[PDB]
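What the coordinates show
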Amino acid sequence: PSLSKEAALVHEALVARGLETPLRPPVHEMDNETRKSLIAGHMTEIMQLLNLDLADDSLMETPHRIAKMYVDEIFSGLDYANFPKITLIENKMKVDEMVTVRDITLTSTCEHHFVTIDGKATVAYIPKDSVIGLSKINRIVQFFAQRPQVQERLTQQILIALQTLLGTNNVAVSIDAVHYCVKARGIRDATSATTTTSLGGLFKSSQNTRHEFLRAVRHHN
Amino acid sequence: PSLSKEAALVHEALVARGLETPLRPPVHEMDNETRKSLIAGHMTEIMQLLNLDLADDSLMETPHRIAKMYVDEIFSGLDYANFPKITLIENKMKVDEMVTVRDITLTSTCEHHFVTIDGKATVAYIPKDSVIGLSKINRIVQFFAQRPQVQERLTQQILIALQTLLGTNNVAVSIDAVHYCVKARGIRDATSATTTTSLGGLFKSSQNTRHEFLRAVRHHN
Amino acid sequence: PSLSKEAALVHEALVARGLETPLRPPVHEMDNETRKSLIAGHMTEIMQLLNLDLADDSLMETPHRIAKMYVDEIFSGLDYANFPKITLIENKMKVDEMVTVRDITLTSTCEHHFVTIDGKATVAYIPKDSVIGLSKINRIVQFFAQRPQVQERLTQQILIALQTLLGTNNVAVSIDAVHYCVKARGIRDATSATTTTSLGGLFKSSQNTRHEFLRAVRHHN
Amino acid sequence: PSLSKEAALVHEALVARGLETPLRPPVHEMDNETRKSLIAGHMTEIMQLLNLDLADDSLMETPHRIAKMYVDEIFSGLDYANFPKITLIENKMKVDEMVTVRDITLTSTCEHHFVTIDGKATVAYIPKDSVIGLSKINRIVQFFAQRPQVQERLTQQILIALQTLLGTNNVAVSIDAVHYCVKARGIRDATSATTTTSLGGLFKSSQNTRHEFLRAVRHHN
Amino acid sequence: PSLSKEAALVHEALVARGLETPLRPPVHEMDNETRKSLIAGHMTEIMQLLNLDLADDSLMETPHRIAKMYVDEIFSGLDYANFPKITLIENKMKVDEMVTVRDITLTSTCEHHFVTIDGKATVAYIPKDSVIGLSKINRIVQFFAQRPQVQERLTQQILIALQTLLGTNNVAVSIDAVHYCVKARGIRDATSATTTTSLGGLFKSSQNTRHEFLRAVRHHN
Amino acid sequence: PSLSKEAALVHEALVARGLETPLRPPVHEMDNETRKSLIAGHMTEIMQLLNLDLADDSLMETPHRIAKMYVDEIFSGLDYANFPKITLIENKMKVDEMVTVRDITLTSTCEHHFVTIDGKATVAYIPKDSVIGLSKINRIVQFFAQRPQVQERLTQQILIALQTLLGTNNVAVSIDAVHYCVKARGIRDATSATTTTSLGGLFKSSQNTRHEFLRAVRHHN
Amino acid sequence: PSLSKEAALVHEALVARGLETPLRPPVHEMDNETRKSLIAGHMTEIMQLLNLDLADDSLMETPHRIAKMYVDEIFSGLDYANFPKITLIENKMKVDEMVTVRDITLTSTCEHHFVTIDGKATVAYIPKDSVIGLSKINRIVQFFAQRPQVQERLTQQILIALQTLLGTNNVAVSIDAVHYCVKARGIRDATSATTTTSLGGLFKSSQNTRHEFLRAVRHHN
Amino acid sequence: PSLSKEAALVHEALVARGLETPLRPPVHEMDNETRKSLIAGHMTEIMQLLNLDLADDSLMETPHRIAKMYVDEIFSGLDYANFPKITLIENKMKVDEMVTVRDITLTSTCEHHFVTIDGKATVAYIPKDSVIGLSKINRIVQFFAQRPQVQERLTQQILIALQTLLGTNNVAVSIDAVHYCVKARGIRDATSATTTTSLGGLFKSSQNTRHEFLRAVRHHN
Amino acid sequence: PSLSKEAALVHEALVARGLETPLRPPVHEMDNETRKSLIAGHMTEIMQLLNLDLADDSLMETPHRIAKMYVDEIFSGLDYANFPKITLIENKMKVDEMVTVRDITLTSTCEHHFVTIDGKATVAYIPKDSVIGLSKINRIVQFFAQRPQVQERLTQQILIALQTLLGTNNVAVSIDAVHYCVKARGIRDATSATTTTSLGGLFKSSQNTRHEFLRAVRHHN
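Residues numbered from 1 in each chain as written, not as in the entry; some residues may be left out. Chains lettered and ligands numbered in written order. Part of a larger assembly, values for the part shown. Heavy atoms only, no water.

Going by the header, the method for this PDB entry is X-ray crystallography, and the resolution given is 3.0 Å.

Written out as structure tokens, the structure reads:
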């Protein structure tokens, strides 16, 4: 009817921990269509302020493309109506060891300059009552990634969302990414990459479990 | 006469632990030949529903090829009459350290979409009374891989099968694989890979042994 | 109203050259919904013939998942209603040298066994009157790849589709892919890869141009 | 009834060119079973001459294992009754550019010492009236590889067999391999590898075509 | 006069531990010359049973070449008359840390099928009263490698031989090898490799020393 | 008005620990302009002593270029008026795990010969009350790098500056670099590189945390 | 007595072509000792202008160290008294093919900023009447490298020096280097590298010879 | 009786071309035993001149070891009595394309300083009437390598020896090597390597053949 | 006046521990010039015994070159008059963590055959009262490397020399090298490398420190 049981749960969990993305309730019920047009409008003004000849065929549709990109694509994660459908199967296999999904493609945006964050996430968890569909993990990562982020927050959000859905605190998330906020401009460091990890349950308590995960983290190319 | 002592033991072990692949007893004794033909028929219908011109020389034999592939090849692991012949030699060498067989080629099928799972397995065990033929390890892995799987279950099954045959709980199995269920369709993540491990005996108890194995797991290319 | 001007053109071009995928006209106007359900039914029967216990939570939804994957995903390319929207900008830059888009991710299906084909395509063309949006090239490749293919045909189709849309014969397509039809079963060759190329215009005529393209073809990892 | 049309053709072609493996007609019609037993007997004698304690469980079955390996496995190519089934589809795609199958796994035996030859073959051909199933190429390479060989002969044999089956002289075969005949014993050169190529049709005549193929030959790891 | 003090010691040590290669005392004092000729004879028969035309110049000398290879080369390790001369210098340097010799080239034969085993050994030891010439370590490895082996036994044998000669139990041997018994035939796994280790003294007792060695084990290419 | 609160704090902290770069108070208030001209003058004399023909168009502006490089570029870190603007956000994410910024491009000058030091730094810290902007870390590293350094001091300085700004002693800095002071002249060692680390807080106290950081240190290329 | 016949020849050759480093005749005969002291003085002033506390033990000797480095090391190539001794042997081997010395370590200084240039040179020549000692080539490269350079000139100088000494115009020189002038400061491009080549004789005339050389140029790491 | 027909032929061919190693006829028929002892004596004197305490157990046997190494090992190539036995088989395969043996391990000695030369040779030839045993090529290379060499001569010698034995001028030899004469001392260039090639027949005449060979030359690691 | 304070200290330290290279006091005060000439003479005789035509221009100067190489270059470490000048700066930085200088180029000679040893050393130490110039470490390594060595001794010598000069026992030295004594001759193992380590102070006592060092030891290429 609006948000799925999962979307609701995850959202509440995040709000409770104070880990939700800084959002303000919708001032007025606007259709995404009207928001897009308004954003497109402001973009048109910014491009004109930059002295771009909006009459050019190639630049003409840009304000609209950017508006759609924001509302529908790169910032779609802000709307829980886009939360993926979660499928869980009973842990009949009686798995008691961690399942690790590595090198998940992740593309996000640094909220301080609205510039690309390109990286990879490694998620691992120890199955309790249910096992989650591998694809679902990738989708959850993408969801939170599609928001104006701060890697420190992004990692935390993914962790909690998964803990909530899997019903286990034994979840670990590690994200290694390149920030164009740092590379493409400013200090323009062409080689640095940032790594942030958030560990829950045994992954934080048990040094044994913690290190097994950390050792598995990151690969090459 | 039907199933070898080994095939029987392994099958029982799996059923006991409740780790056997979800199978229903044969409704009627059909020849694999009749099953193949029946499967071929259903495929013919599916292809027709997809509007494929089955009159084309290249597509003509597909329903049969698929049927044979299923029954004889990719799902042959479901029939214990195909279980490999196990050869064990007396551990006169008095080996007390683990023997590791790494990078075993593994090709399986994700049962949720019947799509390719391509990866590699690393198996290790500490010889007790007998040492197994290296090739047999690769064969057992392939056997269980030739079934509609769920990586979490596949890893478990191989572990138990080996424990049963070697007569030692000191066995460890780690499988790293790419699921086309995730890559080729759905979220289409082109870089993620899943790693699952199942540890028995000392490999689970002894942190020392456990880490020695984990440290050896995985290589490159 | 049905097919876009582009979809129609490409389809006609393919039929004219006799390079279209072997298709029979829809016997009856069935909703994709009814086709999916029918396919799901045939799958149910096949799985039962394989003796799989469809009562298992994990296997239960498979017949439906496969049906949807076929109609909506992996074989969606058979329906021109799914042809991407093509955007072309005027070649005001007066580009006379080839534009190469390399390492396009490609996932298709070998029609002889309905098994995964995983590879990468390198497409190049010399802009005439218009320049195409880079993303569109990737999209066209994916479209044709989402069909029961034979690499030799796939390469040809992409070539013609591009030539038609760009209005230039100067297009070159090279595809390097691994066939699980070969790796996962049958001879089980774990290392072979197939490369097929289709050259048009100067890429075939001019040895100079031809080699410049070929030299650029393929990379590593 | 005995040999397939294909097996016969290929065999004749090889005999005609005087490129067949040095074989003598079967002195007497012996069952492979009796041959294996005889070979096993000779091996038993050789092992005893080496002073190996054949009473040892590990060595006990070796004479039989070696006999079966020779007759059924590594030298099976000597019997045309094992020639693969060739599937050819009409070249409706009108492919006029070469199709290259690279990195075909190849394991053979150096006939001068009966020691392992491990390598990879690259085969390419320009489709005339028919296109061959990719897997079939790998199979044909394996067939001729499963014989006491001399790389110079092996490459020639594969070339001819393919030209004959495809009905085109435009075929090229290149094999790069490590001979344990050289590495494991004798001079014990741990790094050398031998590369041999055989070119037919345009691949030999047309310098353009020749170099395109040669440039594609060999990869890494 | 026959066997050196070293050869005798090592042989006795191996027989005591029951780690010697399964050998039967020479039934009759035969010259290696007569043994070679007899082996050559049996080989002639085997090749004839395989229907090879022994009249061919290339195949003609094979029976003799194989016989010499067996007796003089690949199985020479069976004769302690071929044991290397060991040179030991007084540990005046007062070395108390381990000396590691890595990537020792090792070529052996899997006794179950008489096929090539190609790998590399890493040997380490903590000097007590004497230091051994580095080359000697490679020679001892080669000696035991030149025998019909089972990697599990090979590793053990090298360990004991070294312990005996160095007069220290603090020796560690690790061998990583590819078995063509597995790759070239049978299951034909093109990627798996086996690793076996045998640890003596501190390398087994001291977890600290043990891991330092294990961490050093294996390199790339 | 002169130095920012941050610049002042950091400077004081360094002086307090006695880790500041050996500086003498400005003998007289000179404009950077006059300093540059004076430096350029001395360089002119040096070049003349080296017998370089300063009348050459290429060498003519060198004295000035060097002077500007020293004052404005490579030694600009000596003037705290160039200290970066630090942005800190409240640690609302409640991050308790370390944030690692790896492969920070670092170019400094070995004060003993005024020759290039080219390397990379890895910085990590455990957020207390505030999280710092990733780029800022790179900037601080660059700041101190832009001074006549001694890697041992450089590492210490970056550590302290960070501890001061973040208000946490839990900071770790590791720098790996190539000194042309060693490579380009003198002993001319073309392969050596120096690695220095400075650990604060838990990174020094907790062996667990210390090793997690060290394990993450350094990558390739 | 002063300059060797070789030094004289090379110097004259360069002067004639107008390729010599911009030098002014020594204004007065000063001992390198007095020049070093004078330079050291200028450096002391420059360091003081930078506000460096020369009282510090580490910085104290810097002015002298830099002065010695300039006169004796990095700029020693400016004095032909340092020209290496050239050894040539009669080309009795009758070599008519090119001899290539690749990956020659080269460290020079960009004269526009007096900053490090780190790279590698590849030199090749076709022996005429004499063959030069390989080491001598490396030495000649170093000689000219030890000067305030401009890569374009450096390459030309080495070419001519070699042509003169070898008595053959058939010489080719290629230098690939990284300029810290670009990396460490200014635009700070961390990845670019400059390649310059100078070709003499057949290496310029004969396209065949030219490309053979160029194809050989550059390697990795 | 002394020298084989092959050794004789090769020696004559070399002397004819004036490519033989500078040798003087044996002044007196001395046993290698007496020569070794004499050399050992001179070495004893040299070591004593270096002030080495020959009473030390480790240095004691050095003069003898060196003497034996010279006469029996590293310089054994000077004695044609050590020339390998050449085995040639009739080119019944009718090979008309070149056979390439790459990465042949080569270790020689730079005659100017008697220091190690470590490299790899790539040999190729077009079979005329006979095909040579692959191992023989490696052996011939080693033979000439075991002499005080100059890479330019070494390459020439191998070329001629092969041309003579194969009865074809179509032979090509390329040697890439590192000279410790350059690396370990003198200029101490840690990265340079020398490549020398000698081409015969078509490999020199036919630009097509020539480049095919050259393009194949050299690999990595 | 003869030996520096440092040279004397280091020499005494080594002699005290009995780790000095086996040397006999100079029998008579000979000029290095006369020693070189005497050595040259003995070499002349050795070359003549090898039947080398010393009249050849290329071989003519060899006896002298070798004599100079021995006395002035490769064995110059035997004379403490060649010990490097050590520069130490006060540890004002208050460095308490280890400084590691890795991949130090090392070229020595195996005293048992006087053949090249090519390797790399990794030296680390924890600064006490003074910090040493990085280059000095490389120089000290080279000094001891320039002597007839046994890797086991070489490592020990470097360790002690450093401990003595730095006034700290907290020094660790690890050397990984390839011995041509093993590769170029004798067993001719083309892949083995030896690794030796000597640990002082905390590097031996503290398992924590010990492992931090060991983990950092060795890199690739």
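Next comes the rest of the description.
Notes on the environment of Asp-56 of chain D
The condition is simple: A run of H or I in DSSP becomes a helix once it reaches four residues, and a run of E becomes a strand once it reaches two; helices and strands are each numbered from the N terminus. Residue contacts are counted whenever heavy atoms from the two residues lie within 4.5 Å of one another.
Here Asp-56 of chain D lies in the loop between α2 (32-49) and α3 (57-60). The residues contacting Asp-56 of chain D, other than those within four sequence positions of it, are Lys-92 of chain B together with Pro-22 of chain E.

Digging into the UniProt feature "binding site: Zn(2+)" in chain A
Residues and elements named next belong to chain A. What counts is decided by this rule: UniProt positions are given in the numbering used here, feature names are shortened, and annotations may be inferred rather than shown by experiment.
Here the UniProt feature "binding site: Zn(2+)" sits at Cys-110, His-113 and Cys-181. In terms of the greatest pairwise C-alpha distance, the residues named above, spread along 72 residues, form a tight cluster of at most 6.8 Å across. What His-113 contacts, discounting residues up to four positions off in sequence, is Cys-181 and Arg-185. Following the sequence through the fold, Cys-181 ends up in helix α7 (residues 180-183).

Let's talk about the relation of the copies chain B and chain C
The criterion, for reference: Least-squares superposition on C-alpha atoms places the copies onto one another.
Note on the copies: chain B fits chain C at an RMSD of 0.0 Å, the axial shift is 0.0 Å, and the rotation between them is 180 degrees. Such values leave the two copies arranged in the relation of a two-fold axis. If distances are taken from each C-alpha of chain B to the rotation axis, the shortest is found for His-42 of chain B, at 2.7 Å. The overlap is high: 100% of the interface residues of chain B also sit at the interface in chain C, so the same surface is used on both sides.

What to know about the state of the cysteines
Residue and element names in this part refer to chain C. For clarity, the threshold we go by: The rule for a disulfide is simple: a pair of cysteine sulfur atoms within 2.5 Å. Throughout, exposure labels follow a simple rule: accessible area from a 1.4 Å probe, protein chains only, divided by the maximum for the residue type, with under 20% read as buried, over 50% as exposed, and the rest as partly exposed.
Tallied over the full model, the rule gives nine disulfides over all chains. Between the sulfur of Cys-110 and that of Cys-181 lies a disulfide, 2.0 Å long from S to S. Looking along the S-S bond of the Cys-110-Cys-181 disulfide, the torsion reads about 100 degrees, which is the right-handed sense. Here the residue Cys-110 occupies a position in strand β2 (residues 99-110), and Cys-181 occupies one in helix α7 (residues 180-183), the gap between them amounting to 71 residues. We note that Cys-110, like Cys-181, is buried.

Observations regarding helix α6 (residues 151-166) of chain B
The periodicity of an α-helix, 3.6 residues per turn, causes residues three or four positions apart to be oriented the same way. Residue and element names in this part refer to chain B. Defined as follows: Expected helix span is given by 1.5 Å per residue-to-residue step, counting one fewer step than there are residues.
For α6, with 16 residues, the first-to-last C-alpha span of 23 Å sits near the 22 Å given by 1.5 Å per residue. Most of α6 sits out of view: 15 of its 16 residues are buried. Phi turns positive, to about 65 degrees, at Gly-167, one or two residues after α6.

Some words on a positive patch on the surface
Note the threshold: What goes into a patch is any residue over 30% in relative accessible area without a salt bridge, connected to like charges within 9 Å or, for nonpolar side chains (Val, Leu, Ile, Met, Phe, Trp, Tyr), within 5 Å. The method behind every accessible area is Shrake-Rupley, applied with a 1.4 Å probe, and residues are considered shielded solely by the protein chains displayed. One speaks of a salt bridge when a side-chain nitrogen belonging to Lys or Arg is within 4 Å of a carboxyl oxygen belonging to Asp or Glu. Neither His nor the chain ends is counted toward charge; the positive residues are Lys and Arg and the negative residues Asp and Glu. Where a charge lies is defined by one atom per residue type: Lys uses NZ, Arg uses CZ, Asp uses CG and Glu uses CD.
Side chains of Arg-215 of chain A, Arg-215 of chain B, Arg-215 of chain E, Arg-215 of chain F together with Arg-215 of chain I sit close together on the surface and give a patch of like positive charge. Structurally, the position occupied by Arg-215 of chain B is in helix α9 (residues 207-216).

Side note on the domain arrangement of chain A
Residue and element names in this part refer to chain A. Defined as follows: The domain boundaries here were taken from an automatic or database domain assignment. Joining two parts hides part of their accessible area as seen by a 1.4 Å probe, and the buried area is that hidden amount summed over both.
Looking at the assigned domains, one finds that chain A contains domain 1 (1-85) and domain 2 (86-221). Between the C-alpha centres of domain 1 and domain 2 the distance comes to 24 Å. At the junction of the two partners, domain 1 supplies 23 residues and domain 2 supplies 20 residues. With both chains or domains summed, domain 1 and domain 2 bury close to 1,800 Å², and 71% of this area falls on carbon and sulfur atoms. Considering only the surface of domain 1 that becomes buried against domain 2, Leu-19, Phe-75 and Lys-85 emerge as the three largest contributors, covering 26% of it. Counting every contact that joins domain 1 to domain 2 gives one salt bridge.

Quick word on the arrangement of the chains
At their nearest point, the C-alpha atoms of chain A and chain D are still 17 Å apart, with no contact between the two. Taking C-alpha atoms as the reference, chain C and chain I come no closer than 20 Å and do not contact one another.

Quick word on the interface of chain E and chain I
Operational definition: Here a polar contact means two N or O atoms within 3.5 Å. Within protein one must be a hydrogen donor candidate and the other an acceptor candidate, and residues neighboring in sequence count only if both atoms are side-chain atoms. Any residue outside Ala, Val, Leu, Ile, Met, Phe, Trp, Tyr, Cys, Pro, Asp, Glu, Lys and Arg is labelled polar, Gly included; the first ten of those are nonpolar and the last four are charged. Here a strand pair is declared whenever DSSP counts at least two bridges between the two strands.
Facing 26 residues of chain E, the contacting portion of chain I comprises 30 residues. Carbon and sulfur atoms make up 49% of the area that chain E and chain I hide from each other, which totals about 2,300 Å². If you sort the residues of chain E by the area they bury against chain I, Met-93, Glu-97 and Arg-102 of chain E come out on top, with a joint share of 26%. The interface formed by chain E and chain I contains four salt bridges. A salt bridge links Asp-176 of chain I to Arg-102 of chain E, with the nearest nitrogen and oxygen atoms 2.9 Å apart. Remark: the boundary between chain E and chain I carries 15 residue pairs in polar contact. At the level of secondary structure, the elements contributing two or more residues to the side of chain E that touches chain I comprise β2 (99-110), α5 (134-145) and α9 (207-216) of chain E. Classifying every residue of the side of chain E that touches chain I by side-chain character gives nine nonpolar, eight polar and nine charged. Both β2 of chain E and strand β7 (residues 193-199) of chain I contribute to a ladder of four bridges, which runs antiparallel.

Considering the packing of α5 of chain E against helix α6 (residues 151-166) of chain E
Residue and element names in this part refer to chain E. Just so we agree on the cut-off: Here an angle of 0 to 180 degrees is reported between the N-to-C directions of two axes, which are lines fitted to C-alpha atoms, with helices fitted over the stretch in contact. Just so you know how the angles are binned, under 35 degrees is roughly parallel, over 145 roughly antiparallel, 65 to 115 roughly perpendicular, and the rest oblique. If you view the pair so one helix is near and one far, a crossing is left-handed when the near helix is turned anticlockwise from the far one by less than a right angle, and right-handed when it is turned clockwise.
Between α5 and α6, the least distance of the axes is 10 Å, while the angle of their chain directions is 140 degrees. Taken together, the axis directions place α5 and α6 in an arrangement best described as oblique. Taken as a pair, α5 and α6 cross one another with a handedness that is right-handed. Facing α5, whose interface residues are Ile-140, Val-141, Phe-144 and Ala-145, α6 presents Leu-154, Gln-157, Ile-158, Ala-161, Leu-162 and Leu-165. Class assignment for the residues of the contact of α5 with α6 results in nine nonpolar, one polar and no charged.

Structural notes on the relation of the copies chain E and chain I
The transformation that overlays chain E on chain I combines an axial shift of 0.1 Å with a rotation of 73 degrees, and the residual RMSD is 0.0 Å. Accordingly, the operation relating the two chain copies is best matched by a five-fold axis. Every residue of chain E has its C-alpha some distance from the rotation axis, and the shortest such distance is that of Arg-215 of chain E, at 6.9 Å.

Here's the deal with the interface of chain B and chain C
Of the residues lining the interface, 54 residues belong to chain B; the matching set on chain C comes to 54 residues. Summed over both partners, the interface of chain B with chain C comes to about 5,000 Å²; 61% of that surface belongs to carbon and sulfur atoms. The largest share of the area that chain B buries against chain C comes from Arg-24, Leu-49 and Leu-50 of chain B, three residues that together contribute 14% of it. Across the contact surface, chain B and chain C share six salt bridges. Across the pair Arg-24 of chain B and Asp-53 of chain C runs a salt bridge, and its minimum N-O distance is 2.9 Å. Going through the elements one at a time, α2 (32-49), α3 (57-60), α4 (62-74), β3 (115-125) and α7 (180-183) of chain B are the ones with two or more residues in the side of chain B that touches chain C. Here the residues of the side of chain B that touches chain C are counted per class, giving 28 nonpolar, 13 polar and 13 charged.

Looking at the packing of aromatic side chains
Rules: Note on aromatic contacts: the rings of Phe and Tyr and the six-membered ring of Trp form a pair at centre separations within 6.5 Å, being stacked when their planes are under 30 degrees apart, edge-to-face when over 60 apart, and tilted otherwise.
Applying the stated criterion across every chain, the model contains 85 aromatic pairs over all chains. Measuring from ring centre to ring centre gives 5.1 Å for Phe-75 of chain B and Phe-114 of chain B, while their planes differ by 55 degrees; the resulting arrangement is tilted. Separated by 39 residues along the polypeptide, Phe-75 of chain B in the loop between α4 and β1 (88-90) and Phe-114 of chain B in the loop between β2 (99-110) and β3 bring together distant segments of the chain. The class of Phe-75 of chain B is buried, set by a relative accessible area of 3%. Since its relative accessible area comes to 14%, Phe-114 of chain B is described here as buried. Summarising the aromatic geometry, the rings of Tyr-70 of chain H and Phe-114 of chain H are spaced 6.4 Å apart at their centres and angled 80 degrees between planes, so their arrangement reads as edge-to-face.

Describing the pairing of strand β6 (residues 171-179) of chain B
All names here are of chain B. Among the nine residues in β6, eight count as buried, and that is most of the element. Where β6 lies against strand β7 (residues 193-199), six bridges are found, and the strand directions are antiparallel. Note on β7: the bridge partner recorded for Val-173 is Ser-198.

Section: the pattern of salt bridges
Per the counting criterion, the structure on display carries 117 salt bridges over all chains. Measuring nitrogen to oxygen at the nearest pair gives 2.9 Å for the salt bridge that ties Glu-20 of chain C to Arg-147 of chain C. A residue pair is termed long-range when its members are at least 10 positions apart, and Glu-20 of chain C in the loop between α1 (5-17) and α2 (32-49) and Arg-147 of chain C in the loop between α5 (134-145) and β5 (148-149) qualify at 127 residues. With respect to class, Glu-20 of chain C is no different from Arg-147 of chain C; both count as buried. The salt bridge partner of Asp-57 of chain E is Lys-92 of chain H, with a shortest N-O separation of 3.2 Å. Of this pair, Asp-57 of chain E sits in helix α3 (residues 57-60) while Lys-92 of chain H sits in the loop between β1 (88-90) and β2 (99-110), placing the two residues on different chains. Judged by relative accessible area, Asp-57 of chain E falls into the partly exposed class, the value being 25%. Residue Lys-92 of chain H is classed as partly exposed on the basis of its relative accessible area of 33%. Taken together, the shared-partner salt bridges in this structure form one network comprising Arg-102 and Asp-103 of chain A together with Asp-176 and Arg-218 of chain B.

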